[PDB]
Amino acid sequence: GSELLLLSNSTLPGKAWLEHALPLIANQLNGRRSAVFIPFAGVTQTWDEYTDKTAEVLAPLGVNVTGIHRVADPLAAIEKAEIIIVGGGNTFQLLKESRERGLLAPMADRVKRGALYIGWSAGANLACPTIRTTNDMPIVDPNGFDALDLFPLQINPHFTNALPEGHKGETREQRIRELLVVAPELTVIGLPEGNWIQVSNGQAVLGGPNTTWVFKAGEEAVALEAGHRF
């Protein structure tokens, strides 16, 4: 009963920021226009700049964006929002700010009550039960890895198993396999750049041109393509 758009990344090569998301958002708005933007993943630019950038790219769709860090009453803003938009950046800072501000439960409840959730990269991580499949560096302690729990599977965004020539560090699959040792019940979706998962009208639909990989404990990786229904 949730409406989610979970994107692996913001920008396709040679395209504008969020350009590929616009038609997906347009088809899922269903008349919604009022959005609150959660900017807390952003580190290297101000949350004001991040909000203004998001407002600009979505304006042609008729969406009005308000930055949650600028409103007097963030709980009321989330309550009245039709759309909750969570930007990419550092997933640990995103979760830490969201938890410290008491926004996790309100955001999840608002989405469960029919609001559209749009998140890319770190914003896709936050939709999962935990952030345990983020690729980000732990620059701040979020005081727990539990997240919004709007999507039941773990998403690993920006998925690629490639490494620089001669690198001896863990592959992405090796990192994921370690998670499957400690949490053997999990399903991990390796969502490559350019892909997304759209949850709408009772179906979780895989989208994007590249191959998606599913990892489960003790099972070989399974390749999926656009149109798969979870």
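Numbers for residues come from their place in the sequence shown, where the first is 1.
In the comparison with other entries of the same protein, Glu173 is given coordinates in all of those covering both sides of it, so it never reaches the one-third threshold.
Omission of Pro164 is seen in a third or more of the other entries compared for this protein where the adjacent residues are built. Higher mean CA B-factor, judged across 102-110 and 85-93 from the recorded values: 102-110.
The mean Cα B-factor in the deposited entry runs higher for 165-173 than for the other of 165-173 and 61-69.
Across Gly202, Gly42, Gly190, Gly194, the entry's maximum B-factor at the CA atom is seen for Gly202. The PDB entry assigns its highest CA temperature factor, among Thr160, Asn125, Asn143, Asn135, to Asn143.
When the modelled residues of the chain are ordered by C-alpha B-factor, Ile139 sits in the lowest third. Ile118: CA B factor lies in the lowest third for its chain, per the PDB record. In the PDB entry, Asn27 places in the highest third of its chain by CA B-factor.
Among the modelled residues of its chain, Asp48 has a C-alpha B-factor that falls in the highest third, as given in the PDB entry. Ranked against the other modelled residues of its chain, the C-alpha B-factor of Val36 as given in the entry falls in the middle third.
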